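Heads up, the chain below is alone and in the form solved without the named molecule; it's given as structure tokens.
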């Protein structure tokens, strides 16, 4: 039985290596990674890989790994796929922990924009969780943390992390992680997956996919929102992505909103993530 070596980048930045039979389905590898991570609430997570166009793709757990990575390396990342709107409802602290690690990368990467004060508050909770109580012996007036907190670090932000860390004395890691999540879950881009697109007049927009529905960003002014219940059918064809939008009470007919994606694979990827979000958040 021939086995392929898999390398998975974990949310702490470490590399997990394992082997699976070369005709394995994605679920096989994902089960090995989740066991390694002692993760039981696996439904919120998945593995990503980079396709021949260098686009992030979700590894479909029901399909052969080889028919997805195709010509590429068996290299993956472990990631949050479905961001829970209320992380307090998760059953296990360790689940909340992995969600914190993902969110920390969302913030540092700039995928999750955040005010100065919220960057410092989230950072202060991370430090409390990881180092415990504020120790002056560690930090002087020139302190810079090893922790990456933000897309652009400033001395002012380091100072504010320390000021807020001082306020958290006696806070346990689970408690600090829950506070982290209570703040992060409120940010306008929390759990929003952004896709570049053009509207039916060729005007560049972003489509965001999240728990509450599909968001259309025309810019920072005029954001259209389609709650999952107002969406009846999602489809792609060639480079085009279509959603059916319900008739408003006493309306005879659904409306169609069409988008142009960069290429056919980008349209299909957007369709699959929308269908998965629609299903997941219909049941939550």
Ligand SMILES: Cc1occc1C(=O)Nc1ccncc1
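Numbering follows the first chain given and starts at 1.
This protein has a second form, the form deposited with the named molecule bound, left out of what is shown; the following refers to that one.
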Review point. Is there a clash that blocks the site, or is it open, when the named molecule is superposed from its pose in the deposited bound form and ligand atoms are checked against a 2.4 Å limit to backbone and C-beta atoms, 3 or more counting as blocked?
Key: blocked
Exercise for review: Check whether residue 72 has any heavy atom within 4.5 Å of a heavy atom of the named molecule in the deposited bound form, and answer yes or no.
Suggested key: no
Practice item. Spell out, yes or no, whether the shortest heavy atom distance between residue 64 and the named molecule in the deposited bound form is within 4.5 Å. Key: no
Exercise for review: Mark residue 35 yes when one of its heavy atoms lies within 4.5 Å of a heavy atom of the named molecule in the deposited bound form, and no otherwise.
Suggested key: no
Check your understanding: Just to confirm, residue 254 within 4.5 Å of the named molecule in the deposited bound form by heavy atoms?
Key -> no
Study note, to complete from the structure: Near the named molecule in the deposited bound form, with a heavy atom at 4.5 Å or closer, the residues from 102-118 are none
